[PDB]
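**Student:** The structure under discussion is supplied below as structure tokens; questions concerning it will follow.
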Amino acid sequence: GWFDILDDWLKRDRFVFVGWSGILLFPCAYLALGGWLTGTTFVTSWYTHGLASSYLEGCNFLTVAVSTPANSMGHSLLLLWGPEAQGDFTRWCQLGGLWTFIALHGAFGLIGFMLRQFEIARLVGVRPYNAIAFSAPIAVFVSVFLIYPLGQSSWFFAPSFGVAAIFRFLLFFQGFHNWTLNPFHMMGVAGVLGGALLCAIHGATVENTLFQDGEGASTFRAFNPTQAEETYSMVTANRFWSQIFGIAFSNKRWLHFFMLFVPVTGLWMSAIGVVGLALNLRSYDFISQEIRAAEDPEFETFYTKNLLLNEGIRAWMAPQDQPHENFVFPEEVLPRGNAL
Amino acid sequence: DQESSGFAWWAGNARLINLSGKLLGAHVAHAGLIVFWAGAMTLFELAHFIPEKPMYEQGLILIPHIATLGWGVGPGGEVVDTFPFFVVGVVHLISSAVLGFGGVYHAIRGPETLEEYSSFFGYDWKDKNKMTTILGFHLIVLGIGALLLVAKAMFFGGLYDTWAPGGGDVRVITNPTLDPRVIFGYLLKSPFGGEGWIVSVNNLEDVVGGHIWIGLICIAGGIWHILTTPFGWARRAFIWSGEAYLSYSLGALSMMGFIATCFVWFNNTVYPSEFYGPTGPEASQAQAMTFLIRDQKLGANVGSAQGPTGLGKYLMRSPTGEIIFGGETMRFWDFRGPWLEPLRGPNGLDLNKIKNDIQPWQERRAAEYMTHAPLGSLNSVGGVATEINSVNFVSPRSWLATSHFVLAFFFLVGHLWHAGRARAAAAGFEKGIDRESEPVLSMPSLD
Amino acid sequence: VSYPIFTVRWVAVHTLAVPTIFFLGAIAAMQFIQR
Amino acid sequence: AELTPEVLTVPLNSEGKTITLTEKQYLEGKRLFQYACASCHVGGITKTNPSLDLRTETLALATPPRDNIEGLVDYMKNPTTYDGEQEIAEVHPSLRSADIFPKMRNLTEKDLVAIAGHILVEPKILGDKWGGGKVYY
Amino acid sequence: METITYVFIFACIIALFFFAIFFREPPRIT
Amino acid sequence: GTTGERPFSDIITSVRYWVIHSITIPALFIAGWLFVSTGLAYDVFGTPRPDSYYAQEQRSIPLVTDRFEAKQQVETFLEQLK
Amino acid sequence: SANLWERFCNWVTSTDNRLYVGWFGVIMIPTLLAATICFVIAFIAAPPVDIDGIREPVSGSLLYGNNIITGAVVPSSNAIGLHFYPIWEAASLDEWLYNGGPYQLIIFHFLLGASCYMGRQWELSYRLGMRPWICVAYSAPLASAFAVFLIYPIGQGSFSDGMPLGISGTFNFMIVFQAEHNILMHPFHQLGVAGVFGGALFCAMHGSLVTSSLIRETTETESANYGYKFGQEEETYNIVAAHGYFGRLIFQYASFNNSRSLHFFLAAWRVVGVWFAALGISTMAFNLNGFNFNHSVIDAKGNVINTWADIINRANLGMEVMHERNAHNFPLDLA
Ligand code: CLA
Ligand code: CLA
Ligand code: CLA
Ligand code: CLA
Ligand code: CLA
Ligand code: CLA
Ligand SMILES: C=Cc1c(C)c2cc3nc(c4c5[nH]c(cc6nc(cc1[nH]2)C(C)=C6CC)c(C)c5C(=O)[C@@H]4C(=O)OC)[C@@H](CCC(=O)OC/C=C(\C)CCC[C@H](C)CCC[C@@H](C)CCCC(C)C)[C@@H]3C
Ligand SMILES: CC(C)=CCC/C(C)=C\CC/C(C)=C\CC/C(C)=C/CC/C(C)=C\CC/C(C)=C\CC/C(C)=C\CC1=CC(=O)C(C)=C(C)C1=O
Ligand SMILES: CC1=C(/C=C/C(C)=C/C=C\C(C)=C\C=C/C=C(C)/C=C/C=C(C)/C=C/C2=C(C)CCCC2(C)C)C(C)(C)CCC1
Ligand SMILES: CC1=C(/C=C/C(C)=C/C=C\C(C)=C\C=C\C=C(C)\C=C\C=C(C)\C=C\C2=C(C)CCCC2(C)C)C(C)(C)CCC1
Ligand SMILES: CC1=C(\C=C/C(C)=C/C=C\C(C)=C\C=C\C=C(C)\C=C\C=C(C)\C=C\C2=C(C)CCCC2(C)C)C(C)(C)CCC1
Ligand SMILES: [Br-]
Ligand SMILES: [Br-]
Ligand SMILES: [Fe+2]
């Protein structure tokens, strides 16, 4: 029963639980949090983005990142030993080898971690609603770091690990994608919004409903942990909203569950949208308008205005942003308003 | 001995029922700290101001305040001697030391109760008049300062008037405006674009002449609160709770941190553009101003030049039929100031004086305000959103506007915090409801 | 009681914590470089 | 070994003779620049009048040719428009600048000799991001 | 059409509102 | 509930801690500072010296043209600067 | 016997009405009704409005730009800047239209009216014995809405740039800003993303763990969401049975022991950063914009070495130029 021997140890309730997941989650969920930090202050991506990455370069926390490989690369999983660096951490490094290293690990580390909840939820024995809810970020990442590049040109145009790095990515889509007009994303928004409201509507709705089941003028003493039954009478809270916002709850059994949906739900939504994006198959235009605009120098909606910003945020952007494709944009050709 | 009988930790602070000599000497404690900053930062501002360089190109916000009264002034706004400044700065650090000296006192060896020891420097919040009285008292301490300006602009060296005949120069306000309707009319109307509640002040005497109407009212308030107990109506309403008082006296500041944040931003007078920055609108005008001269000199005829939008390239009418600067600069037609006024006519800008009368100095002054406009960056770097790294001044009018809001807001929400929970003490809900007696369980459920 | 020191809850902190104190010191060496 | 002195080696006067700079005296042209001109012409372009730039060509064509230290010095002493006449010191601050916008009062020869270098030194650095504003960067 | 649809899908969010704020099946305390 | 909790909640207060640790931090802080102080970082990752981005002249950017021999490019693009 | 008014004030404060008509409600209700019905109609047939000063009516709408995502209610004209445009001004209702008079009318009602809600949001917090800080969490909300409807306007020139009330006009207004202030390069916008990108990852858990921990009351005979009959002072979900898991997910101490710590904070996360962003915006209302790293990073010779934030720049320069083209005749945009 050596199998059960290994087992026995691993899953032994330490301080920070290890277990089977651990042989996956932990290693990968390390070189990843890791590799990020390593390059974060040490490597430059001057060979793919002719920009400065590392703090060593003088970069700022925000402006630092482990920017994706040169689009000249493709989707090659830039192995250390692959025909790329041919074996040469230094080179492999300069070739922005790591970003594949940081994504795939973070990939499998994001795997091991959902499996990590499932392990526990099974051990302590509880509904798999944690791990189930982890689909949300699972999809999201996969969508924006794996399928997208894959569906586009190179790993290049894939997100790059840094904040000003991803801040880029937003305006990228706004530029050549007009993300803000894709129904789906408008649900992603929807989720992260409805959910942020719930997290708090219910959040401050509890703190301000509960009872005097303790002594002082403070609540951190009030009954618990699992003893006395329920701190907030959902009846005294109920009638408050059904007179204020019109419709209130009943059965926290669903409130919690409805709280599961909203976010994880919508999040997933955009992820689809994004898959639309790898295929440039996006929601950019509204023909009905283009034609109604074409023949009418007097027809104008925010639809159109916005649409321009896009052209701006692309003619000015692109050249210095997609170097591999040597863009030669003469000052004239350059679109830009009156007086600016 | 608290934390167990006392309610909480973070909220540990607040212990105060009927009285407390620790909390008294705690406001005298902080009300002293505040004094410390006044001076320390002052001695940190003079410790810097280059011989002669824009007062706003250097991060000065206190020094500029001292200037408005007429200290270090100079014809035009140019500091004469780096001294009047150092006086208030150190007199504040020594003021600060004084604040320090007896606050820690009431705080550690100072007598607890204000009933056991003293019987006059002793309160109780339910004490309807004790509180009522102290009111008219600090009201009087304000009726006093409310006069400092009155004799400072009228007796010890008037206020710097950038609305002076020859230019910016500390003049001595001898004729304060004491016309009941004009000084009481200011607050009583004008909210938006038309004009500001009171951020709308033209001359330096409507202020001094009014800061006179204020030094009495509040002064005559004490002879009213110190002299009388609450009336017959206000008894009701008002939760004379201890906490509640923090709120009633608190959410007022939120109002002022706002009516302040708008003063540093718009008011040119009390906010001499020479000591602080050039009001957001002002800069926008200097923009057109410049390029209008630039272009007029190159032979263009501004009067007739038709915009590209077809509107008016340099000049266009206002919904009042007045004349005003075009471009986008239109939004700011209500703006007024000394460098422009002479180049202004009866129906707004005057096509004539604008053509030749365009004297040589107004060019650079209206040029400075362009270059240095109220816009900067989170990490200092004056210029538009995407300006390379070179200039790095961030308008004071910008910091004072940003600052005061952030605070002015939290306060409003701070008004809520207490004004509504204190409405839970006089009701006993504060701490939640009674697990057996819940008022919604004894109600004909609407459904 | 009888507690050990080479616990697993120990190897963990030492994987990311020790290299970090190497990192912050490495960084600190940069707050000076120039040209 | 990036900003060699053969690059700090600029033409001080018209005639065609040359004066070289130190890694040192450069910073000041700059430190000065920002104290002194920042307001406008940042990156090498006048904001009061975009029409005119601090580019090497421009200056060279100007009159009197200002593509030389003495010249940018002449200017910093006496300010005149492009092409000969119209002394513009009554507007554009200069050592003349009848004590106007004091940013000028203080400076000295050590100063003007350098700032002026900074202007001709830059483009040698910044390809031409020096004259072109907004579009480059 | 196009607009006729927009004003419709809308006026039902208004009905759907009226209906769940007055045709709420009362919550029972048992 | 059950907890195989090792010390922790005080091992900071540990007398042998802040001792054998008053030896480890600085033996770690500067350990890393030297990876930086030598210039070592560079040669480790390939990162350029604030002097080693563009050649002493040319205005090009060493953009890796190809994929299969990417390294060879990087080699000559490096030797480049001189 | 009490006179008629005494009745009046009890009916407005009666904890009995289907919906509370609180004192704050005597102003909220008439107010919000106004905002809406005006708008909802303007949203149908909104006559071409000319936001910017330039007489070039840009009017998305239904009977004009009949789409939901295109249209909206358009702003106020620079022309009348920060000026109050009372419908009784425009020498013709049709005037009021050009200048977008409907905008103000609605936005001010929805502004003060939703504060009334903020207000009459606590009126049960008292007229019903129970902790009042519910309306306090509604601060993260009302405020922010103001930050984008009142503050920025008092900030810049005029209501001309006040988050138009439209789907796309949103996007527009969003972009404009990101081009005029580096708000994405800001540690204030960050805090909204901090809480919003939090309340989310978080609503996901308390929802998660809470359903993940429920007794046993039906066995798929039907639903498990019946495991709580409304009104019971019991707690359908176990607490330590819950924590038991997360505490196990991330080492103990890291999972919540006390329920009070649980929830409550569930506000803590959002409302805190939600205020910040609300402010971040109210801040760039006086132009204390995001950090500037344009060029920041340099070389030895002085060659410029691009920070990431440099590209981000072009993505702004881009729009900076195109934004409101033909509406400015000079080179620097101070609003
Ligand atoms: C009726 C008697 C009386 C009087 C005259 C005062 C007067 C004052 N109290 Mg006060 N107080 C009183 C009773 C009184 N208190 C009682 C019974 C209590 C509770 C037991 C308190 C609790 C209390 C607290 C917590 C605080 C005060 C503070 C103050 C000062 C307000 C600062 C200000 O106005 O800005 C100054 C602006 C002016 C224009 C002032 C004009 C100059 C006047 C005051 C001349 C005074 C001459 C002398 C004192 C030298 C200067 C004094 C110094 C404060 C500068 C003021 C001196 C505040 C303070 O400053 O103390 C640290 C404060 O924080 N009081
Ligand atoms: C560390 C925190 C802090 C600091 C350093 C400052 C600093 C300053 N505040 Mg201020 N303020 C703060 C917190 C702070 N505040 C908070 C929490 C609020 C509530 C929203 C305010 C509300 C406020 C107002 C309404 C005003 C200031 C003003 C000022 C400036 C004048 C200094 C002063 O007035 O001397 C005291 C003596 C003076 C002669 C200054 C002006 C005298 C008038 C304005 C006072 C009228 C009563 C007013 C409520 C008292 C203000 C005191 C308060 C600022 C500390 C100064 C830079 C003044 C300025 O205009 O800034 C733009 C001003 O009008 N503040
Ligand atoms: C907010 C205003 C305020 C108010 C209402 C009070 C009120 C009080 N303080 Mg007090 N105090 C204050 C501000 C205030 N203080 C400040 C700002 C400091 C530090 C600078 C102190 C430092 C202090 C100490 C050390 C003590 C008190 C004491 C007291 C209590 C009795 C003494 C007294 O008040 O004399 C009333 C004040 C007068 C009659 C004014 C007289 C002024 C003459 C001209 C000079 C006073 C002496 C001075 C020359 C020498 C100062 C040294 C001093 C510490 C002994 C009384 C409740 C205790 C006390 O003395 O009780 C018997 C006590 O031991 N205070
Ligand atoms: C502006 C005037 C003002 C005054 C005089 C008070 C006074 C008081 N407040 Mg208060 N409050 C205010 C404004 C004010 N507040 C505002 C604007 C808000 C938000 C809108 C609040 C929100 C608030 C809450 C939630 C509570 C109070 C409480 C209190 C009381 C306890 C005192 C206390 O805890 O401080 C002593 C020290 C602290 C409170 C700690 C301050 C330092 C914090 C913890 C920062 C920690 C550092 C760390 C980096 C924080 C990370 C950020 C994260 C916390 C978001 C006291 C009467 C407590 C109470 O109910 O009793 C009255 C309480 O629970 N206040
Ligand atoms: C600066 C603002 C300020 C002020 C004026 C006070 C004042 C007070 N707090 Mg307090 N508090 C604050 C901020 C403040 N707090 C914050 C931010 C927190 C969150 C951590 C708390 C948490 C807290 C708790 C839990 C308690 C208090 C308590 C108190 C009271 C008793 C003080 C005491 O027992 O200390 C004892 C003093 C010492 C142990 C030594 C302190 C050293 C001195 C005071 C500082 C010296 C200043 C300076 C360096 C020297 C000047 C030199 C000069 C002499 C020349 C007193 C009224 C107690 C109370 O009963 O009220 C509710 C209490 O239980 N506070
Ligand atoms: C009760 C809580 C409390 C505490 C602990 C302090 C503490 C202090 N005040 Mg203060 N103050 C308070 C209430 C408080 N005040 C109230 C109710 C008012 C009414 C005006 C003032 C008015 C005031 C003035 C005019 C001045 C101070 C000053 C100060 C000192 C400067 C530090 C500063 O940040 O505070 C100033 C005010 C605040 C800080 C308000 C809240 C801001 C906090 C958070 C400070 C920064 C902490 C920050 C939040 C860190 C975490 C951020 C978060 C995102 C995680 C500091 C000791 C200065 C001083 O005395 O000289 C040096 C000064 O000039 N205060
Ligand atoms: C705002 C972005 C965001 C971040 C920062 C984030 C972070 C986290 N979410 C977790 C959980 C969850 N998130 C969930 C739903 C969501 N989470 C969301 C959004 C986020 N969630 C969205 C909003 C949904 C809600 C709608 C569920 C409910 C969970 C879990 O229950 C779980 C948890 O219990 O948290 C406490 C934690 C699991 C830790 C882990 O998987 O380690 C293992 C992975 C490691 C250590 C390696 C990292 C893997 C990645 C791919 C590598 C990337 C590394 C770089 C990119 C670092 C980025 C930094 C630079 C780019 C600047 C972790 C703290
Ligand atoms: C059509 C139009 C006009 C606009 C656009 C709509 C758009 C763009 C998208 C829809 C997109 C899709 C498909 C999915 C989005 C999914 C996303 C669902 C988020 C969910 C948002 C949502 C459903 C609700 C949020 C509701 C809200 C803000 C408050 C209600 C809170 C609530 C349920 C009960 C209040 C409440 C809570 C509580 O705990 C207690 C004790 C009491 C007493 C209470 O009353
Ligand atoms: C103008 C001017 C001046 C002055 C002025 C003044 C001095 C004034 C005033 C005044 C004012 C302006 C005032 C005020 C105020 C008041 C208030 C602010 C109030 C209030 C209150 C309230 C509102 C309340 C409360 C309540 C309610 C709300 C309802 C019911 C309940 C109760 C009763 C609680 C001068 C020349 C010097 C300067 C400049 C100009
Ligand atoms: C109690 C308390 C507290 C506090 C309090 C207070 C009240 C505060 C503060 C503070 C203060 C209130 C203070 C003060 C002071 C001051 C001093 C102690 C001073 C000094 C200094 C000096 C005097 C100096 C300066 C100078 C001069 C002299 C001149 C010029 C030069 C110089 C700059 C050097 C604490 C925190 C503990 C917390 C708890 C409670
Ligand atoms: C790489 C690699 C690897 C691994 C790795 C690693 C191991 C990484 C790592 C790592 C790490 C482990 C890093 C780190 C770090 C860290 C740091 C450098 C930090 C920091 C910082 C901070 C953060 C601080 C502070 C703070 C505060 C206190 C305030 C706020 C918050 C914060 C946190 C910011 C191997 C060999 C396998 C393979 C090859 C590649
Ligand atoms: Br636009
Ligand atoms: Br313009
Ligand atoms: Fe819950």
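Chain D residue numbers are taken from Swiss-Prot; in order, the displayed residues are 27-163.
Per the header of the entry, the method used was X-ray crystallography, 3.7 Å.
Placement of Cβ uses the backbone N, Cα and C atoms for every residue, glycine included.
So Swiss-Prot says this about it:
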BINDING   D:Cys63, D:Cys66, D:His67, D:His118  heme c binding site
**Student:** Taking the Cβ of D:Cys66 (heme c binding site) as the reference point, list residues of the same chain whose Cβ is under 8 angstroms away and which are at least six residues distant in sequence.
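**Tutor:** Long-range Cβ contacts: D:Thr72, D:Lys73, D:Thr74.
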**Student:** So which of these binding-site residues, D:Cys63, D:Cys66, D:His67, get their C-beta under 8 angstroms from chain B?
**Tutor:** D:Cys66
**Student:** What is the biggest Cα to Cα gap, in Å, among D:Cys63, D:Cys66, D:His67, D:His118, the residues listed as binding heme c?
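**Tutor:** So the binding residues stretch over 12 Å, Cα to Cα.
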**Student:** Give the number of CB atoms, excluding that of D:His67 (heme c binding site) itself, located within 10 Å of its CB.
**Tutor:** 21
**Student:** Mind running the binding-site residues D:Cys63, D:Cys66, D:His67, D:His118 against ligand 1 and keeping the ones whose CB falls under 6 Å of it?
**Tutor:** none
**Student:** Restricting to the same chain and to sequence separations of six or more, state which residues have a Cβ under 8 Å from that of D:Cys63 (heme c binding site).
**Tutor:** D:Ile141
**Student:** Provide the list of binding-site residues among D:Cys63, D:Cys66, D:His67, D:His118 whose C-beta sits under 8 Å from chain C at the C-beta level, in sequence order; use 'none' for an empty result.
**Tutor:** none
**Student:** Which chain neighbours of the heme c site, leaving out D:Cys63, D:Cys66, D:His67, D:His118, have a Cβ atom within 8 Å of the mean position of the site's Cβ atoms?
**Tutor:** D:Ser65, D:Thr72, D:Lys73, D:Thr74
**Student:** Does D:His118 (heme c binding site) have same-chain partners at least 6 apart in sequence with Cβ under 8 Å from its own Cβ, and which are they?
**Tutor:** D:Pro105
